[PDB]
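Here the structure is laid out as structure tokens; the discussion comes afterwards.
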There are 6 protein chains.
Amino acid sequence: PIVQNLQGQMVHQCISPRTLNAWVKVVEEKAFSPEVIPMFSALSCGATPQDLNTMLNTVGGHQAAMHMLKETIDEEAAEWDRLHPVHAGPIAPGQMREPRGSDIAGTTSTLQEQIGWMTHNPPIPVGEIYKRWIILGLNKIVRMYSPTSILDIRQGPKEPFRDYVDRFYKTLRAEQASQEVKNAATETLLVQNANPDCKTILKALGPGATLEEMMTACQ
Amino acid sequence: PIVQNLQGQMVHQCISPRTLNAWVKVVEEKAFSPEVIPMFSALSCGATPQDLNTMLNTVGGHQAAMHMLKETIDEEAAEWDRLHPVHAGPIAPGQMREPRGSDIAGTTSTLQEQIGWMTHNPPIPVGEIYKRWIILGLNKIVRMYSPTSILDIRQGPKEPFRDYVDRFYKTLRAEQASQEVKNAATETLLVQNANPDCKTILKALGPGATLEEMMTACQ
Amino acid sequence: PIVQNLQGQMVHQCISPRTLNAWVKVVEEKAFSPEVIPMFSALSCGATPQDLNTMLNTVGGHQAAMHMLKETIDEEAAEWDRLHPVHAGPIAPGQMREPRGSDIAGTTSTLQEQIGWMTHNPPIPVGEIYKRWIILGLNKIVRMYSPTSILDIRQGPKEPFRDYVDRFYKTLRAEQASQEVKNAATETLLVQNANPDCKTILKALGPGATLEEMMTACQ
Amino acid sequence: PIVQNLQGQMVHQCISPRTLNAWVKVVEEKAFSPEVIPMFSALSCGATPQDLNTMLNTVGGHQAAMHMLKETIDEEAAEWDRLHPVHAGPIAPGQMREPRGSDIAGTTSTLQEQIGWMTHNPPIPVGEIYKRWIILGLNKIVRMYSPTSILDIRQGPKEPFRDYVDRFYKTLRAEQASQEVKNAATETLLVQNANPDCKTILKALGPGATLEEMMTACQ
Amino acid sequence: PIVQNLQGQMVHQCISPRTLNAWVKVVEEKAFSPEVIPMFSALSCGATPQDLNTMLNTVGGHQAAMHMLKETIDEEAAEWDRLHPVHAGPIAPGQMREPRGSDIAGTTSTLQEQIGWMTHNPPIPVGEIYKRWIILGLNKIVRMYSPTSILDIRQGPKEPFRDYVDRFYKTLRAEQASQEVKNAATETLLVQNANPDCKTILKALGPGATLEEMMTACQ
Amino acid sequence: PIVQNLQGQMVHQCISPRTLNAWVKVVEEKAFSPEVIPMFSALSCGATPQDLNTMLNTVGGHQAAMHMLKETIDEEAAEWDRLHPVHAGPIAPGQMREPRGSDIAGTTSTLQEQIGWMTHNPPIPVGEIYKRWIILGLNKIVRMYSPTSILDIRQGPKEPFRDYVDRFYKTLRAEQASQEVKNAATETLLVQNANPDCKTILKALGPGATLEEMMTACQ
Ligand SMILES: [Cl-]
Ligand SMILES: [Cl-]
Ligand SMILES: [Cl-]
Ligand SMILES: [Cl-]
Ligand SMILES: [Cl-]
Ligand SMILES: [Cl-]
Ligand SMILES: [Cl-]
Ligand SMILES: [Cl-]
Ligand SMILES: [Cl-]
Ligand SMILES: [Cl-]
Ligand SMILES: [Cl-]
Ligand SMILES: [Cl-]
Ligand SMILES: [Cl-]
Ligand SMILES: [Cl-]
Ligand SMILES: [Cl-]
Ligand SMILES: [Cl-]
Ligand SMILES: [Cl-]
Ligand SMILES: [Cl-]
Ligand SMILES: [Cl-]
Ligand SMILES: [Cl-]
Ligand SMILES: [Cl-]
Ligand SMILES: [Cl-]
Ligand SMILES: [Cl-]
Ligand SMILES: [Cl-]
Ligand SMILES: [Cl-]
Ligand SMILES: [Cl-]
Ligand SMILES: [Cl-]
Ligand SMILES: [Cl-]
Ligand SMILES: [Cl-]
Ligand SMILES: [Cl-]
């Protein structure tokens, strides 16, 4: 990654074996669960496009998802080239060439060029731009591999309300619905999909009840 | 986190894989036991709002609690906006804009802005302010998930007084009662809920006896 | 902890996940064995009062001992206030306020104030003062939880003298007797509690024999 | 490796025990799977030719592949000598001698000479040149040890399309075919080798369908 | 330990949790085998007397040996006081007081005083002096706990000569005999204690044969 | 080891617990396999003679080999003294005394003297000179403990050619034959010791075939 050393200058460091192993293990253990994406974003803190390609390519298996990830990366790279056409001309002695879509993806750019963009003033954060493309493609993989729909998450007649809400927002997180549909899930599906005994209690609670108040009422 | 390097300047460092893994493991092993909160506060030492959101979002499962945590965060963010209304106007070339409630929660603020507030002179510690909101919501989760009331912790007729006091303050810690009710628990419930043999000995001890004196007397 | 960086200035560092995990594990594995106290003192090297409270509060269970530890801390804090009454008045622009007993315990003082005392010239080592209070309370827990008295440690008729001396000083260490009673344990109880065959040999050795000479004679 | 320290100067560091152990373990666990090559490239970040020879020589077993790796290294070293014949003459007091093919492979060059080339201005990156030779030979080992041909990867009549695509691109990755043959694998073999039910659905999808659209259609 | 930082000045660092755990584990696993002593010397590199007492006191059990270690430390401390009687008088503003025997053992000296002696110019290496006393006492424990004498290590009639020499020098190492008795062990006891078949071959080899030549001859 | 810090000056660092443990473990797991020697050379990067003696002495067991290692060290030390007789005379205030053979082995030299030679200008690399002696003795141990001769490595009638070549160069590596005998092993013994079916195919391949071509032909 490109990290600021203990002197105030942005320099390159090699990706650590701890970072490499941590990313491989979480994919082996959790696959494409929703919480893997924030783990990927944190383990790739300050990562160059080369570091991002390293983390992706060190993953063995799940190649169906890894190839869906490449298509999303190519789609975003093509959109970047449509919005940022590179202007031909010799690069000034102290400047950097404009990055193409494949340059941000680390496939047509060298590490020195990636360091040059990320450490420029003002900097071109090709690592963070590439990471946005990767996380976008990873989120589509999480939704595709989500097995259960939120409509099928219903509380059992003897299931504790706490365990049911655990399954509810676990499923809703993988579905990655819109903000409007997710915010009202507390007042709509969570009450509708509860068992008759708890739904009766939640009805007498009235609208605008917090999740803490709803879980307390059905305990 | 924002850490002072070995030169006296506050700079940003990426959250370490050791920190990321340590927080995920303690939640997998201890869930929301009371001692998880001081572990979260220590692992998030100097953490930015982005680091705090990272630690929370890397947690898979327990989504009922994680969503109760979001509501507490939104409640505190709304209270911050009520007490600190942002004043409109162009930001001076060397100053920072006033953070909104969602800016402290890391949802509407960039890392550069969070670094700008935390490294300002005087600094706006949005990371520590956000951590106060998170710990507040985490403490409410510990109380809700506390299974046993302190009134039901009674010493068995053959249970050693040491094991009974272990269960007593373990339950009392999760209940997180007031300081007045918790301080007098030594002289009130701890003696009342003891078995007849030890309660007789603790009665002859008289008021004002230390826990060391009470445990010694019933050994 | 407050550590001297690689430039000669005392600055604050966050407590490491390795330090946090090491202290939690040794309590889970060894509880309050005598050797846990030097491990606590080493793991808390240069620790601030906040770091000390962190290590104590991350311990789940053993709450009977942890509450006995709080009473010892409060007793020492009250003794500190009796010997150091804070003088009222505005603090000079470059000075620090006098710490109260609860300030050294980290309950009424901020981290910045603890850094201010520990890095002062001359420094007020509130971390080492607090650690003395904690170790004092921890030593009382080791004695209370010591199951066997030194008077009951006797060598078996067929027990090797080496194993008996292992049990002897293991028990004596947890008892934490006075220096006078512990120094003469070599010449008094260790010989008296040996089996008849080894006691006969140790009698012919004469007074002033080293433990190496006594163990060799009964081999 | 040759790493830039926290002062802006390229200096040598010893290869860490974490790096040494991580490379030995991944070979013990994954042998010559395709994802081992990006792991080798990352673990050898900034590595000198001596570090590269160290990582290769610490591998016990797989000596058939390790000897095939030596022949590829010798072939590339001979090609380097054909394109870069060293010019005889005394080296200037501040310059470096031209590296031979065996000098880049670390067999006829000292560490000081490798540091001299890598830290030169302009630098001769003998470590990255050697790594290109090693990765080239490692890729030939991956293809040779690939057990299954892509033509034999066909979807079962009841096999889910997701698992079939997992096996498809896993096999195709080890085959390491040309870019033209690999890019069209989505529109050609992946549909041809699917079961009759999914092939019918993929036919009605039409050409130019993304892998995300194809996997969704056969779910 | 007192380590030279990355600026050329000798400063104090806290003993690491890795060092603390490594010393406790090797004692739990190997007890007082001969190879534990060089491990103790390496783990205590640059250690202060406080660090040395920390490592010794973190050891639970083996208290018979740990108390024999204290007597050896007191014997050496008394010998130091006999050779270095402290001269009374006020210490100059830039000097250090002469260390007593108990000051080197870390029992009557503070860490600041130990840092003052070790970082003095010229330095008083109280840590290395104390370590010599500890290693001296540890070596006496290794000899006492050595179960087998070198005279009883004889090669079996069917035992391979390699395994017999393994047992020979393993026993001889724990005995820690004199240099004269240990150097000639190759030409004396190693041949005398071999089986009749190998002793016949070693006799025809003649004097002055290396261990490599002796092991080859009896293979 | 003597490592260049982050300021361009060669200073001493204590050998890390990770380095100490890594060397002990690889000897416990792999003994004296050929790949242990490059692991020893890497773990001892920049090691002083004291660090080298530390790594050797921390090895418990295998004392037959460890004593054969001492004789090789003494042989090389005697050869060093024969080629470098120390010249008597007082050492200049800024110079270092000439190292004897036992000084390079770390037995008659202090750490300060070893630092003085290694950090001299020009430096006397006593650590690398000692390491050459150790690796020389370690290689003789690998050959002695090699159980199988290369002449006895023959391909089974149903053994895959890949597994046979694995056993071939594994045995040849431990034998550590000459370069001339090892280079022609591809064209001589590897074909001669193959089964009749593969030997027939390798005969029709003709001379000068690469190992990749030979393994492909017998697959
Ligand atoms: Cl690492
Ligand atoms: Cl995987
Ligand atoms: Cl994310
Ligand atoms: Cl450019
Ligand atoms: Cl609940
Ligand atoms: Cl880490
Ligand atoms: Cl979890
Ligand atoms: Cl807390
Ligand atoms: Cl701003
Ligand atoms: Cl008790
Ligand atoms: Cl850590
Ligand atoms: Cl515990
Ligand atoms: Cl202590
Ligand atoms: Cl103040
Ligand atoms: Cl004994
Ligand atoms: Cl390491
Ligand atoms: Cl292997
Ligand atoms: Cl690669
Ligand atoms: Cl040169
Ligand atoms: Cl799917
Ligand atoms: Cl550590
Ligand atoms: Cl132990
Ligand atoms: Cl030693
Ligand atoms: Cl003094
Ligand atoms: Cl042998
Ligand atoms: Cl370490
Ligand atoms: Cl071993
Ligand atoms: Cl080597
Ligand atoms: Cl000298
Ligand atoms: Cl093959």
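Each chain gets a letter, A, B and so on, in the order the sequences are listed, and its residues count up from 1.
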Problem set entry | Heavy-atom closest contact (A/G127 atom, A/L52 atom, distance) | O-CD1, 3.3 Å
Exercise. Which pair of non-hydrogen atoms, one from A/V126 and one from A/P49, has the smallest distance, and what is that distance?
Worked result: CG2-CG, 3.7 Å
Problem set entry | D/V36 and D/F32, any side-chain heavy atoms less than 4.5 Å apart | no
Problem set entry | Nearest atoms (heavy-atom pairs only) where D/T119 meets D/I2 | CG2-CG2, 3.8 Å
For this session: Could you grab the distance from atom CD1 of A/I73 to atom CZ of A/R132, nearest 0.5 Å is fine?
Result: 13.5 Å
Exercise. Do B/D51 and B/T54 get their side chains close enough for a donor-acceptor pair, meaning under 3.5 Å?
Worked result: no
Exercise. Is the shortest heavy-atom distance from the side chain of D/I15 to the side chain of D/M55 under 4.5 Å?
Worked result: yes
Exercise. Are side-chain heavy atoms of A/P122 and A/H120 found at a separation under 4.5 Å?
Worked result: yes
Problem set entry | Any donor-acceptor pair under 3.5 Å from D/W23 side chain to D/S44 backbone | no
Exercise. Does D/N53 offer a backbone N or O that forms a donor-acceptor pair with the side chain of D/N57 under 3.5 Å?
Worked result: yes
Exercise. Does E/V3 reach the side chain of F/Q13, with side-chain heavy atoms less than 4.5 Å apart?
Worked result: no
Problem set entry | Nearest non-hydrogen partners of A/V59 and A/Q63, listed with the distance | O-NE2, 3.5 Å
Seminar exercise, completed: Correct closest heavy-atom pair for D/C45 and D/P1 would be O-CB, 3.7 Å
For this session: Drop me the distance from B/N21's CG to A/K25's NZ, to the nearest 0.5 angstrom.
Result: 12.0 Å
Exercise. What residue among B/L138, B/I135, B/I134 forms side-chain contact (heavy atoms from CB on, under 4.5 Å) with B/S41?
Worked result: B/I135
Exercise. Any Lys/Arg nitrogen of A/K140 or A/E76 sitting under 4.0 Å from an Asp/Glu carboxylate oxygen of the other?
Worked result: no
Exercise. Got A/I115 and A/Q112 here, is their nearest side-chain heavy-atom distance under 4.5 Å?
Worked result: no
Problem set entry | Distance (rounded to the nearest 0.5 Å) between A/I141 CD1 and A/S146 OG | 13.5 Å
Problem set entry | Any A/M96 side-chain heavy atom under 4.5 Å of A/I124 side chain | no
Exercise. How about A/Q7 and B/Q7: do any of their side-chain heavy atoms sit closer than 4.5 Å?
Worked result: yes
Exercise. How many angstroms lie between CE in A/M39 and CG in B/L20, if you round to the nearest 0.5 Å?
Worked result: 5.0 Å
Exercise. Is there a donor-acceptor contact under 3.5 Å from the side chain of B/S109 to the main chain of B/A105?
Worked result: no
Problem set entry | Atom pair OG1 (B/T58) and CD1 (A/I37), whose distance is rounded to the nearest 0.5 Å | 12.5 Å
Problem set entry | Contact summary for C/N5 and C/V11, nearest pair of heavy atoms | CB-CG2, 4.0 Å
For this session: State whether the side chain of A/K30 and the backbone N or O of A/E35 hold a donor-acceptor pair below 3.5 Å, judged by distance alone.
Result: no
Exercise. Taking the side chain as C-beta and beyond, is there a heavy-atom pair between A/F40 and A/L56 under 4.5 Å?
Worked result: yes
Exercise. Quick one: CE on A/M144 to CG on A/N139, what's the gap to the nearest 0.5 Å?
Worked result: 13.0 Å
